[PDB]
Amino acid sequence: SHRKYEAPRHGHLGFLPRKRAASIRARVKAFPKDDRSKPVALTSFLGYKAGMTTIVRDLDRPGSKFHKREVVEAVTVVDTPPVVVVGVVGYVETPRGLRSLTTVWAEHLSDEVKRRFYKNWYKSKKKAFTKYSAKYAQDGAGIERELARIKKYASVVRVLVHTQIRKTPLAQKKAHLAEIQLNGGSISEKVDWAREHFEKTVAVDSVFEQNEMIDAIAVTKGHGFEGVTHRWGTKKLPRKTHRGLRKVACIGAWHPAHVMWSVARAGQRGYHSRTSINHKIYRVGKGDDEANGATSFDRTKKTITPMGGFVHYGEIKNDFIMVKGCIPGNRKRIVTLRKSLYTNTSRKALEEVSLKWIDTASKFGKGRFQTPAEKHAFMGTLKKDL
Amino acid sequence: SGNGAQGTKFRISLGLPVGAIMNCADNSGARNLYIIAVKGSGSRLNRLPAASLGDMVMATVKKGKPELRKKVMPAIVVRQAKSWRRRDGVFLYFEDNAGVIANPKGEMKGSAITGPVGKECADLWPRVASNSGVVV
Amino acid sequence: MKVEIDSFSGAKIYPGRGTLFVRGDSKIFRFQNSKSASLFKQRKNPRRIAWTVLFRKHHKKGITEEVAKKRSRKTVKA
Amino acid sequence: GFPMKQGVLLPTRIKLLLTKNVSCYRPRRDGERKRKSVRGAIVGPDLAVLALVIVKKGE
RNA sequence: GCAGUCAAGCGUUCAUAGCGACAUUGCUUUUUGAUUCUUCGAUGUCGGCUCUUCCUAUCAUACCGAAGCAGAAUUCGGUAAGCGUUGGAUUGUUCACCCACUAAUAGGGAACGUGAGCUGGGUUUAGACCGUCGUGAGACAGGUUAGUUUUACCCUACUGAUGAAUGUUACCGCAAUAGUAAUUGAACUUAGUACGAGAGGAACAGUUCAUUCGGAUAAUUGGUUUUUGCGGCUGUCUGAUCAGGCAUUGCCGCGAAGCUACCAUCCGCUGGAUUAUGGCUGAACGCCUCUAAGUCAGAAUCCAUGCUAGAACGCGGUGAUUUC
RNA sequence: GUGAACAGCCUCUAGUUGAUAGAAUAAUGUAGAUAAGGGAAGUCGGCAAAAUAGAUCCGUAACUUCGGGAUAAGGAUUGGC
Ligand SMILES: [Mg+2]
Ligand SMILES: [Mg+2]
Ligand SMILES: [Mg+2]
Ligand SMILES: [Mg+2]
Ligand SMILES: [Mg+2]
Ligand SMILES: [Mg+2]
Ligand SMILES: [Mg+2]
Ligand SMILES: [Mg+2]
Ligand SMILES: [Mg+2]
Ligand SMILES: [Mg+2]
Ligand SMILES: [Mg+2]
Ligand SMILES: [Mg+2]
Ligand SMILES: [Mg+2]
Ligand SMILES: [Mg+2]
Ligand SMILES: [Mg+2]
Ligand SMILES: [Mg+2]
Ligand SMILES: [Mg+2]
Ligand SMILES: [Mg+2]
Ligand SMILES: [Mg+2]
Ligand SMILES: [Mg+2]
Ligand SMILES: [Mg+2]
Ligand SMILES: [Mg+2]
Ligand SMILES: [Mg+2]
Ligand SMILES: [Mg+2]
Ligand SMILES: [Mg+2]
Ligand SMILES: [Mg+2]
Ligand SMILES: [Mg+2]
Ligand SMILES: [Mg+2]
Ligand SMILES: [Mg+2]
Ligand SMILES: [Mg+2]
Ligand SMILES: [Mg+2]
Ligand SMILES: [Mg+2]
Ligand SMILES: [Mg+2]
Ligand SMILES: [Mg+2]
Ligand SMILES: [Mg+2]
Ligand SMILES: [Mg+2]
Ligand SMILES: [Mg+2]
Ligand SMILES: [Mg+2]
Ligand SMILES: [Mg+2]
Ligand SMILES: [Mg+2]
Ligand SMILES: [Mg+2]
Ligand SMILES: [Mg+2]
Ligand SMILES: [Mg+2]
Ligand SMILES: [Mg+2]
Ligand SMILES: [Mg+2]
Ligand SMILES: [Mg+2]
Ligand SMILES: [Mg+2]
Ligand SMILES: [Mg+2]
Ligand SMILES: [Mg+2]
Ligand SMILES: [Mg+2]
Ligand SMILES: [Mg+2]
Ligand SMILES: [Mg+2]
Ligand SMILES: [Mg+2]
Ligand SMILES: [Mg+2]
Ligand SMILES: [Mg+2]
Ligand SMILES: [Mg+2]
Ligand SMILES: [Mg+2]
Ligand SMILES: [Mg+2]
Ligand SMILES: [Mg+2]
Ligand SMILES: [Mg+2]
Ligand SMILES: [Mg+2]
Ligand SMILES: [Mg+2]
Ligand SMILES: [Mg+2]
Ligand SMILES: [Mg+2]
Ligand SMILES: [Mg+2]
Ligand SMILES: [Mg+2]
Ligand SMILES: [Mg+2]
Ligand SMILES: [Mg+2]
Ligand SMILES: [Mg+2]
Ligand SMILES: [Mg+2]
Ligand SMILES: [Mg+2]
Ligand SMILES: [Mg+2]
Ligand SMILES: [Mg+2]
Ligand SMILES: [Mg+2]
Ligand SMILES: [Mg+2]
Ligand SMILES: [Mg+2]
Ligand SMILES: [Mg+2]
Ligand SMILES: [Mg+2]
Ligand SMILES: [Mg+2]
Ligand SMILES: [Mg+2]
Ligand SMILES: [Mg+2]
Ligand SMILES: [Mg+2]
Ligand SMILES: [Mg+2]
Ligand SMILES: [Mg+2]
Ligand SMILES: [Mg+2]
Ligand SMILES: [Mg+2]
Ligand SMILES: [Mg+2]
Ligand SMILES: [Mg+2]
Ligand SMILES: [Mg+2]
Ligand SMILES: [Mg+2]
Ligand SMILES: [Mg+2]
Ligand SMILES: [Mg+2]
Ligand SMILES: [Mg+2]
Ligand SMILES: [Mg+2]
Ligand SMILES: [Mg+2]
Ligand SMILES: [Mg+2]
Ligand SMILES: [Mg+2]
Ligand SMILES: [Mg+2]
Ligand SMILES: [Mg+2]
Ligand SMILES: [Mg+2]
Ligand SMILES: [Mg+2]
Ligand SMILES: [Mg+2]
Ligand SMILES: [Mg+2]
Ligand SMILES: [Mg+2]
Ligand SMILES: [Mg+2]
Ligand SMILES: [Mg+2]
Ligand SMILES: [Mg+2]
Ligand SMILES: [Mg+2]
Ligand SMILES: [Mg+2]
Ligand SMILES: [Mg+2]
Ligand SMILES: [Mg+2]
Ligand SMILES: [Mg+2]
Ligand SMILES: [Mg+2]
Ligand SMILES: [Mg+2]
Ligand SMILES: [Mg+2]
Ligand SMILES: [Mg+2]
Ligand SMILES: [Mg+2]
Ligand SMILES: [Mg+2]
Ligand SMILES: [Mg+2]
Ligand SMILES: [Mg+2]
């Protein structure tokens with residue numbers, strides 16, 4: 001017949017299929033355009049999502065009814081100890097797309113990455129890379145030939161980095177390895193940079209800075225098998241209805257005589273890949289800085305960790321990125337921060353922030369105190385104690 | 001919102017869907033206001049239009065002077081009850097739902113407003129500012 | 001940035017946090033949480049609820065060093 | 001411009017009944033009292049002016 | 001039902017801005033008839049709920065050409081279905097008809113979409129009242145009230161989920177093909193300006209917000225409570241006390257964690273090619289013409305960028321590869 | 001025992017402890033509950049659900065066959081010692 005009343009579809013066809021992602025490490029499907037005039041640097045970074053908290057800052061938006069007033073804002077924090085560089089991989093342009101032609105590895109590989117190449121570490125003879133490592137013995141010659149080849153050919157150079165998971169409260173020991181496109185100028189300069197950085201270490205301040213707009217690439221929280229109502233935001237059917245009501249009443253017309261790809265159905269929910277963009281960096285933390293969670297306006301020596309510590313995560317004892325708002329994925333997940341694909345002029349992006357205050361109270365209840373110092377002050381002396 | 005509303009308004013939690021009755025908080029003779037429409041509200045199958053603080057509604061007077069009853073007129077929501085959240089981080093709420101009868105341009109029919117008035121409404125409708133005591 | 005305080009319980013309310021209630025008169029009451037908030041709606045009297053400041057004050061609990069002497073005076077002669 | 005009044009506590013303003021012989025009120029008539037706004041005795045950034053008296057001289 | 005051709009007329013004058021008689025040529029298959037091919041060893045009526053997709057004869061939104069276009073508003077026409085198209089009162093209704101919001105509240109198809117998807121109000125069995133007709137049993141395309149809505153575990157489709165074999169195993173990647181997404185409004189300002197005798201009265205650039213939609217997220221606030229976590233209460237049972245049992249989780253206030261809400265917060269990209277249309281140069285046709293050759297500018301379109309899958313019979317780089 | 005009580009709930013005497021079992025706790029169900037702000041806007045229709053409730057005291061309309069309507073309506077109160 002014809003609908004009756006018009007309404008928009010439930011849910012976005014551009015995020016199909018709604019199946020579980022192929023890996024907890026969401027893929028970077030694109031990197032920034034290359035500007036080979038600038039210095040060589042990474043274009044993304046690995047970290048772990050730890051938690052959120054609240055911020056207060058004064059706003060700067062000439063014209064807003066909130067210009068020059070304080071706002072309070074949710075932000076998230078991602079643990080970010082220096083990534084360590086261990087390979088370069090060199091790609092070439094073909095009429096069938098980008099194809100990698102070599103990979104050169106550092107001579108010494110940390111147990112952390114080595115562990116990544118294995119399914120049962122405890123039993124294994126840990127032989128990974130033990131013949132590659134030899135290639136260095138000899139003067140250096142075949143590793144030069146490779147490095148050399150990459151320079152000769154190669155349209156784009158990526159770096160194999162991995163995270164220092166041990167520098168993180170996680171149990172999980174096996175580190176995360178991944179390719180990061182290098183955008184500083186000249187294919188040769190790029191590989192030189194790469195080669196120079198083997199076994200050597202790279203920190204976030206070398207990649208991100210205050211007020212930058214960055215993207216988060218990560219696998220979404222999982223939910224298992226979801227009915228149609230919650231998964232697609234379909235209307236609940238009425239109370240009166242027999243044989244269940246969190247459903248879709250009509251699964252299709254009679255012709256085409258086939259349930260169609262575009263109707264909502266029960267199925268997996270969450271644990272999807274997502275490339276969320278335009279998240280402002282409101283803080284770039286330093287792990288060797290007491291007074292991490294302190295401010296120009298605050299002053300009190302205290303770190304970003306909440307009282308009792310980040311619920312379900314732990315402590316934060318390294319550099320971190322504090323991103324305004326909230327990000328795909330959950331507490332503990334490997335998450336990739338990426339440079340933005342365009343130069344946003346937004347004004348909203350561009351505004352330069354300065355935190356006045358960072359919340360620091362326990363998130364494990366309705367916290368009343370920032371430091372244990374403050375808590376003793378307000379509360380008095382207790383039956384434990386002095 | 002709309003006519004005579006100088007200013008924009010930041011979104012605030014919708015408290016009052018159509019059918020809701022708020023206290024009349026002016027001295028017009030009206031005792032309550034029954035909401036039949038919100039101005040500037042959009043469309044989605046099955047959704048009630050619903051007002052908030054400093055929204056202009058279209059109401060009738062269920063209780064009040066007979067010269068005010070049996071007809072539809074503009075009013076402005078001045079107090080809420082559904083809690084909402086300001087950009088200074090605060091979740092706040094009044095003890096009653098209440099608004100004041102008004103003209104399309106936004107002029108009060110009455111001359112006083114009894115009780116407090118949320119600032120977001122005061123900021124929105126100058127003749128409401130005028131007649132307000134305690135704001136927020 | 002001001003740290004307001006719980007008009008039921010006496011707690012510090014750091015920014016964006018708990019709720020604010022504007023009563024009939026226009027008396028504003030600020031709560032740190034649903035607890036102070038509910039005890040409040042329940043017409044509970046804070047001086048009878050052991051954990052509140054107000055209750056502690058009235059019952060002279062753990063003050064000790066405030067009612068312990070200080071030292072603040074001078075001597076001129078010009 | 002509202003004056004602080006020792007003894008209130010409070011970092012806010014309140015309205016008090018005031019009497020003969022008191023701060024922030026000079027009565028117009030015998031046994032007149034006025035309900036008047038007054039500022040708390042606890043310093044905040046809402047003050048235009050702090051009033052201090054030197055007790056010890058510095059270096 | 002929709003759309004043309006002729007052009008007598010209408011339109012102050014003026015056929016064709018906008019219309020159009022007498023005639024006349026068509027198109028459509030959500031009208032209704034006409035037919036009786038299929039189905040009477042059965043293809044479950046009407047409406048509404050829900051949900052998808054498609055058509056265009058386009059209501060809104062983008063860009064345009066016309067005007068009996070000064071401005072504002074409106075009317076006519078093109079490219080256009082990318083994207084929207086609602087909340088109520090009465091009625092079983094579809095339809096109708098008012099109220100009200102709105103950018104707009106377009107029209108249609110999909111077995112007059114959609115009952116092992118719902119509902120069961122109407123229609124259409126058996127009870128029953130009335131009116132009309134009948135001697136009567138009974139009838140009525142008249143009114144009224146009450147009247148059981150069955151089955152999926154199969155196949156396919158669809159949604160998600162594993163997985164043998166292409167030496168083994170592991171890590172990092174490519175990208176064919178497929179999907180794809182954002183939408184609309186207001187205020188400030190431009191500006192009481194352009195236009196106008198006046199009454200009136202815009203727009204581009206800039207700013208702040210908002211609607212509808214989408215993807216997440218849980219600092220905060222709120223909801224949930226078998227944290228049976230802490231406290232309280234009734235009845236009884238353990239001789240009292242302590243401390244407990246039982247009352248299908250006995251009851252109550254608070255209640256962390258988790259889940260979760262436009263009831264909460266955050267985020268939703270920018271290049272090219274084009275349509276209509278306005279043009280350049282320019283012959284045909286010594287004049288003239290945006291067009292024939294060649295060519296510029298151009299839209300909510302399109303193709304990319306970007307975003308989601310990743311071919312389980314598409315592929316690359318790399319690690320280690322067993323001997324009693 | 002509680003209580004108006006052969007009600008409900010708890011207990012003594014007697015009698016049972018029979019009803020396939022284990023591991024998890026997805027969708028959708030069945031049965032049991034709760035929800036901020038609004039309050040029937042849902043729907044043929046308030047269907048379902050919620051609200052009310054004992055007892056003591058106060059107070060109680062139209063209309064009526066004078067018998068009622070009437071727990072009309074509407075209020076207060078209730079433990080322990
Ligand atoms: Mg339609
Ligand atoms: Mg409708
Ligand atoms: Mg890509
Ligand atoms: Mg504003
Ligand atoms: Mg690639
Ligand atoms: Mg090779
Ligand atoms: Mg293992
Ligand atoms: Mg799960
Ligand atoms: Mg569920
Ligand atoms: Mg049923
Ligand atoms: Mg549905
Ligand atoms: Mg489908
Ligand atoms: Mg742990
Ligand atoms: Mg918490
Ligand atoms: Mg928590
Ligand atoms: Mg009044
Ligand atoms: Mg509806
Ligand atoms: Mg009446
Ligand atoms: Mg509320
Ligand atoms: Mg006045
Ligand atoms: Mg005032
Ligand atoms: Mg609560
Ligand atoms: Mg809570
Ligand atoms: Mg037609
Ligand atoms: Mg004429
Ligand atoms: Mg003419
Ligand atoms: Mg003609
Ligand atoms: Mg013809
Ligand atoms: Mg024909
Ligand atoms: Mg036909
Ligand atoms: Mg028709
Ligand atoms: Mg036949
Ligand atoms: Mg037939
Ligand atoms: Mg048959
Ligand atoms: Mg059949
Ligand atoms: Mg059938
Ligand atoms: Mg049958
Ligand atoms: Mg003319
Ligand atoms: Mg004109
Ligand atoms: Mg006009
Ligand atoms: Mg045309
Ligand atoms: Mg055109
Ligand atoms: Mg379409
Ligand atoms: Mg199409
Ligand atoms: Mg739309
Ligand atoms: Mg309608
Ligand atoms: Mg209706
Ligand atoms: Mg009529
Ligand atoms: Mg209109
Ligand atoms: Mg048909
Ligand atoms: Mg049908
Ligand atoms: Mg069917
Ligand atoms: Mg059936
Ligand atoms: Mg029926
Ligand atoms: Mg029936
Ligand atoms: Mg019958
Ligand atoms: Mg009949
Ligand atoms: Mg019937
Ligand atoms: Mg019956
Ligand atoms: Mg049925
Ligand atoms: Mg079966
Ligand atoms: Mg089947
Ligand atoms: Mg399948
Ligand atoms: Mg073999
Ligand atoms: Mg002006
Ligand atoms: Mg004027
Ligand atoms: Mg004129
Ligand atoms: Mg998110
Ligand atoms: Mg959601
Ligand atoms: Mg509870
Ligand atoms: Mg208990
Ligand atoms: Mg109790
Ligand atoms: Mg007892
Ligand atoms: Mg004792
Ligand atoms: Mg027992
Ligand atoms: Mg029992
Ligand atoms: Mg129970
Ligand atoms: Mg849950
Ligand atoms: Mg919001
Ligand atoms: Mg949303
Ligand atoms: Mg945005
Ligand atoms: Mg995008
Ligand atoms: Mg192109
Ligand atoms: Mg040209
Ligand atoms: Mg020309
Ligand atoms: Mg010629
Ligand atoms: Mg052309
Ligand atoms: Mg041409
Ligand atoms: Mg030609
Ligand atoms: Mg677009
Ligand atoms: Mg781009
Ligand atoms: Mg992508
Ligand atoms: Mg293939
Ligand atoms: Mg494959
Ligand atoms: Mg297969
Ligand atoms: Mg290939
Ligand atoms: Mg391969
Ligand atoms: Mg290979
Ligand atoms: Mg008994
Ligand atoms: Mg059995
Ligand atoms: Mg049993
Ligand atoms: Mg079992
Ligand atoms: Mg369930
Ligand atoms: Mg509710
Ligand atoms: Mg409530
Ligand atoms: Mg009510
Ligand atoms: Mg209704
Ligand atoms: Mg009503
Ligand atoms: Mg309805
Ligand atoms: Mg209905
Ligand atoms: Mg009915
Ligand atoms: Mg009806
Ligand atoms: Mg009925
Ligand atoms: Mg009712
Ligand atoms: Mg029913
Ligand atoms: Mg019922
Ligand atoms: Mg209740
Ligand atoms: Mg009665
Ligand atoms: Mg009563
Ligand atoms: Mg007593």
# chains A, B, ... in the order shown; residues from 1 in each chain; ligands from 1
call {"tool": "residues_near_ligand", "arguments": {"ligand": "ligand 9", "cutoff": "12 Å", "atoms": "only C-alpha atoms (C1' of nucleotides) and all ligand atoms", "output": "ChimeraX atom specification"}}
result
/A:223-231,246,266,269 /E:259-260 /F:25-28
call {"tool": "residues_near_ligand", "arguments": {"ligand": "ligand 44", "cutoff": "10 Å", "atoms": "only C-alpha atoms (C1' of nucleotides) and all ligand atoms", "output": "list in words"}}
result
residues 54, 55, 81 and 82 of chain E
call {"tool": "select_by_dssp", "arguments": {"residues": "range 165-237 of chain A", "states": "alpha helix (DSSP H)", "output": "list in words"}}
result
residues 187, 188, 189, 190, 191, 192, 193, 194, 195, 196, 228, 229, 230, 231 and 232 of chain A
call {"tool": "write_last_selection", "arguments": {"atoms": "N, CA, C and O atoms", "output": "mmCIF file, in the first residue's frame"}}
result
data_model
loop_
_atom_site.group_PDB
_atom_site.id
_atom_site.type_symbol
_atom_site.label_atom_id
_atom_site.label_comp_id
_atom_site.auth_asym_id
_atom_site.auth_seq_id
_atom_site.Cartn_x
_atom_site.Cartn_y
_atom_site.Cartn_z
ATOM 1 N N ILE A 187 61.258 10.270 1.213
ATOM 2 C CA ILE A 187 61.313 8.832 1.423
ATOM 3 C C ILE A 187 62.616 8.384 2.041
ATOM 4 O O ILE A 187 62.630 7.635 3.010
ATOM 5 N N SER A 188 63.704 8.924 1.530
ATOM 6 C CA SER A 188 64.987 8.652 2.133
ATOM 7 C C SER A 188 65.096 9.154 3.573
ATOM 8 O O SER A 188 65.531 8.423 4.465
ATOM 9 N N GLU A 189 64.702 10.402 3.794
ATOM 10 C CA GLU A 189 64.790 10.962 5.135
ATOM 11 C C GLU A 189 63.994 10.091 6.110
ATOM 12 O O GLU A 189 64.444 9.805 7.242
ATOM 13 N N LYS A 190 62.848 9.614 5.613
ATOM 14 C CA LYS A 190 61.938 8.779 6.371
ATOM 15 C C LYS A 190 62.641 7.530 6.832
ATOM 16 O O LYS A 190 62.708 7.270 8.022
ATOM 17 N N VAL A 191 63.202 6.761 5.910
ATOM 18 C CA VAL A 191 63.844 5.504 6.315
ATOM 19 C C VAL A 191 65.051 5.718 7.235
ATOM 20 O O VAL A 191 65.187 5.013 8.227
ATOM 21 N N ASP A 192 65.888 6.710 6.928
ATOM 22 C CA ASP A 192 66.963 7.137 7.842
ATOM 23 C C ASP A 192 66.473 7.300 9.272
ATOM 24 O O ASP A 192 67.018 6.708 10.205
ATOM 25 N N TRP A 193 65.420 8.105 9.408
ATOM 26 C CA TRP A 193 64.708 8.297 10.668
ATOM 27 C C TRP A 193 64.328 6.982 11.306
ATOM 28 O O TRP A 193 64.542 6.768 12.509
ATOM 29 N N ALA A 194 63.723 6.121 10.498
ATOM 30 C CA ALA A 194 63.276 4.836 10.978
ATOM 31 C C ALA A 194 64.455 4.064 11.541
ATOM 32 O O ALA A 194 64.415 3.587 12.685
ATOM 33 N N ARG A 195 65.498 3.961 10.717
ATOM 34 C CA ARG A 195 66.645 3.141 11.001
ATOM 35 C C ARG A 195 67.216 3.678 12.262
ATOM 36 O O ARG A 195 67.498 2.925 13.170
ATOM 37 N N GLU A 196 67.340 4.994 12.349
ATOM 38 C CA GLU A 196 67.948 5.595 13.532
ATOM 39 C C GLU A 196 67.165 5.308 14.799
ATOM 40 O O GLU A 196 67.723 5.260 15.877
ATOM 41 N N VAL A 228 16.221 -6.938 18.539
ATOM 42 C CA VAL A 228 15.978 -5.878 17.573
ATOM 43 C C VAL A 228 15.740 -4.464 18.237
ATOM 44 O O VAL A 228 16.351 -3.459 17.841
ATOM 45 N N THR A 229 14.890 -4.425 19.265
ATOM 46 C CA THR A 229 14.603 -3.210 20.003
ATOM 47 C C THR A 229 15.853 -2.455 20.420
ATOM 48 O O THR A 229 16.030 -1.310 20.022
ATOM 49 N N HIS A 230 16.728 -3.069 21.212
ATOM 50 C CA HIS A 230 17.907 -2.311 21.627
ATOM 51 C C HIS A 230 18.974 -2.082 20.574
ATOM 52 O O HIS A 230 19.636 -1.068 20.599
ATOM 53 N N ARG A 231 19.147 -3.050 19.683
ATOM 54 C CA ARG A 231 20.163 -3.005 18.659
ATOM 55 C C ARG A 231 19.840 -1.970 17.569
ATOM 56 O O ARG A 231 20.747 -1.467 16.909
ATOM 57 N N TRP A 232 18.576 -1.642 17.355
ATOM 58 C CA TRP A 232 18.264 -0.798 16.219
ATOM 59 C C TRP A 232 17.350 0.334 16.638
ATOM 60 O O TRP A 232 17.182 1.330 15.917
#
call {"tool": "interface_residues", "arguments": {"of": "chain A", "to": "chain C", "cutoff": "8 Å", "atoms": "only C-alpha atoms", "output": "JSON list (two decimals) with N, CA and C atoms, in the first residue's frame"}}
result
[["chain", "number", "residue", "atom", "x", "y", "z"],
["A", 56, "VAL", "N", 37.04, 21.73, 34.70],
["A", 56, "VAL", "CA", 36.45, 23.05, 34.67],
["A", 56, "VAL", "C", 37.44, 23.96, 33.96],
["A", 70, "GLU", "N", 32.79, 29.91, 33.26],
["A", 70, "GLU", "CA", 33.20, 28.53, 33.44],
["A", 70, "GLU", "C", 32.19, 27.55, 32.88],
["A", 72, "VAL", "N", 31.63, 23.10, 32.86],
["A", 72, "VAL", "CA", 32.21, 21.85, 33.32],
["A", 72, "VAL", "C", 32.02, 20.80, 32.29],
["A", 366, "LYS", "N", 30.28, 8.05, 45.57],
["A", 366, "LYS", "CA", 30.01, 9.46, 45.40],
["A", 366, "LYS", "C", 31.11, 10.19, 46.15],
["A", 368, "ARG", "N", 33.85, 12.59, 47.77],
["A", 368, "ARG", "CA", 33.73, 13.90, 48.34],
["A", 368, "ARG", "C", 35.08, 14.60, 48.42],
["A", 380, "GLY", "N", 38.73, 15.06, 60.37],
["A", 380, "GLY", "CA", 39.25, 14.97, 61.70],
["A", 380, "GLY", "C", 40.06, 13.72, 61.95],
["A", 381, "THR", "N", 40.37, 13.49, 63.20],
["A", 381, "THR", "CA", 41.20, 12.37, 63.52],
["A", 381, "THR", "C", 40.30, 11.17, 63.80]]
call {"tool": "residues_near_ligand", "arguments": {"ligand": "ligand 116", "cutoff": "8 Å", "atoms": "only C-alpha atoms (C1' of nucleotides) and all ligand atoms", "output": "ChimeraX atom specification"}}
result
/F:46-49
call {"tool": "residues_around", "arguments": {"residues": "residue 59 in chain F", "least_positions_apart": "2", "cutoff": "12 Å", "atoms": "only C-alpha atoms (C1' of nucleotides)", "output": "PDB file with N, CA and C atoms (P, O5', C5', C4', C3', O3' and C1' of nucleotides), in the first residue's frame"}}
result
ATOM      1  P     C F  57     -16.188   5.131  67.787  1.00  0.00           P
ATOM      2  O5'   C F  57     -15.631   6.596  67.468  1.00  0.00           O
ATOM      3  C5'   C F  57     -15.464   7.548  68.498  1.00  0.00           C
ATOM      4  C4'   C F  57     -14.820   8.803  67.988  1.00  0.00           C
ATOM      5  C3'   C F  57     -15.659   9.656  67.057  1.00  0.00           C
ATOM      6  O3'   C F  57     -16.607  10.463  67.735  1.00  0.00           O
ATOM      7  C1'   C F  57     -13.487   9.417  66.176  1.00  0.00           C
ATOM      8  P     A F  72     -20.194   6.595  55.582  1.00  0.00           P
ATOM      9  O5'   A F  72     -20.899   7.119  54.268  1.00  0.00           O
ATOM     10  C5'   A F  72     -20.139   7.703  53.243  1.00  0.00           C
ATOM     11  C4'   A F  72     -20.706   7.383  51.906  1.00  0.00           C
ATOM     12  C3'   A F  72     -19.869   7.814  50.723  1.00  0.00           C
ATOM     13  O3'   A F  72     -18.781   6.933  50.442  1.00  0.00           O
ATOM     14  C1'   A F  72     -22.060   8.546  50.396  1.00  0.00           C
ATOM     15  P     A F  73     -17.288   7.316  50.940  1.00  0.00           P
ATOM     16  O5'   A F  73     -17.083   8.769  50.347  1.00  0.00           O
ATOM     17  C5'   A F  73     -17.234   8.996  48.967  1.00  0.00           C
ATOM     18  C4'   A F  73     -17.426  10.441  48.683  1.00  0.00           C
ATOM     19  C3'   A F  73     -16.296  11.335  49.107  1.00  0.00           C
ATOM     20  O3'   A F  73     -15.189  11.255  48.231  1.00  0.00           O
ATOM     21  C1'   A F  73     -18.336  12.315  49.713  1.00  0.00           C
ATOM     22  P     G F  74     -13.710  11.016  48.806  1.00  0.00           P
ATOM     23  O5'   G F  74     -13.601  12.120  49.952  1.00  0.00           O
ATOM     24  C5'   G F  74     -13.560  13.489  49.611  1.00  0.00           C
ATOM     25  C4'   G F  74     -13.638  14.370  50.814  1.00  0.00           C
ATOM     26  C3'   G F  74     -12.524  14.218  51.816  1.00  0.00           C
ATOM     27  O3'   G F  74     -11.311  14.813  51.391  1.00  0.00           O
ATOM     28  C1'   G F  74     -14.572  14.324  52.957  1.00  0.00           C
ATOM     29  P     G F  75      -9.880  14.150  51.801  1.00  0.00           P
ATOM     30  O5'   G F  75      -9.554  14.899  53.166  1.00  0.00           O
ATOM     31  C5'   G F  75      -9.142  14.163  54.298  1.00  0.00           C
ATOM     32  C4'   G F  75      -9.587  14.806  55.569  1.00  0.00           C
ATOM     33  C3'   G F  75      -8.879  14.338  56.820  1.00  0.00           C
ATOM     34  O3'   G F  75      -7.569  14.885  56.967  1.00  0.00           O
ATOM     35  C1'   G F  75     -11.195  14.379  57.220  1.00  0.00           C
ATOM     36  P     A F  76      -6.273  13.911  57.088  1.00  0.00           P
ATOM     37  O5'   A F  76      -6.139  13.724  58.664  1.00  0.00           O
ATOM     38  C5'   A F  76      -6.024  14.850  59.517  1.00  0.00           C
ATOM     39  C4'   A F  76      -6.524  14.541  60.897  1.00  0.00           C
ATOM     40  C3'   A F  76      -5.815  13.420  61.617  1.00  0.00           C
ATOM     41  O3'   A F  76      -4.592  13.819  62.188  1.00  0.00           O
ATOM     42  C1'   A F  76      -8.129  13.104  61.820  1.00  0.00           C
TER      43        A F  76
END
call {"tool": "residues_near_ligand", "arguments": {"ligand": "ligand 20", "cutoff": "10 Å", "atoms": "only C-alpha atoms (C1' of nucleotides) and all ligand atoms", "output": "list in words"}}
result
residues 108, 110, 111, 112, 127, 128, 129, 130, 131 and 132 of chain B
call {"tool": "write_last_selection", "arguments": {"atoms": "C-alpha atoms", "output": "compact mmCIF listing (two decimals), in the first residue's frame"}}
result
# COMPACT_ATOMS: atom_id res chain seq x y z
CA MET B 108 2.92 39.42 29.68
CA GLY B 110 -0.38 40.22 33.78
CA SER B 111 1.90 42.54 35.70
CA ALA B 112 3.40 40.37 38.40
CA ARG B 127 8.98 41.63 29.72
CA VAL B 128 9.39 38.53 31.92
CA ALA B 129 12.58 39.87 33.41
CA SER B 130 10.71 43.04 34.26
CA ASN B 131 8.04 41.31 36.27
CA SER B 132 10.31 38.83 38.02
call {"tool": "interface_residues", "arguments": {"of": "chain B", "to": "chain C", "cutoff": "10 Å", "atoms": "only C-alpha atoms", "output": "ChimeraX atom specification"}}
result
/B:79,81,83-96,114-118,133-136
call {"tool": "residues_around", "arguments": {"residues": "range 36-51 of chain B", "least_positions_apart": "3", "cutoff": "8 Å", "atoms": "only C-alpha atoms (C1' of nucleotides)", "output": "VMD selection string"}}
result
(chain A and resid 5 to 7) or (chain B and resid 1 to 2 14 to 19 55 to 60 77) or (chain E and resid 86 to 87 100 to 102 211 to 212) or (chain F and resid 41)
call {"tool": "residues_near_ligand", "arguments": {"ligand": "ligand 72", "cutoff": "8 Å", "atoms": "only C-alpha atoms (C1' of nucleotides) and all ligand atoms", "output": "PDB file with C-alpha atoms (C1' of nucleotides), in the first residue's frame"}}
result
ATOM      1  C1'   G E 232      14.895   0.039  60.427  1.00  0.00           C
ATOM      2  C1'   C E 233       9.707  -2.545  61.038  1.00  0.00           C
ATOM      3  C1'   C E 252      10.627  -0.011  54.457  1.00  0.00           C
ATOM      4  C1'   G E 253      14.879   4.194  53.961  1.00  0.00           C
TER       5        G E 253
END
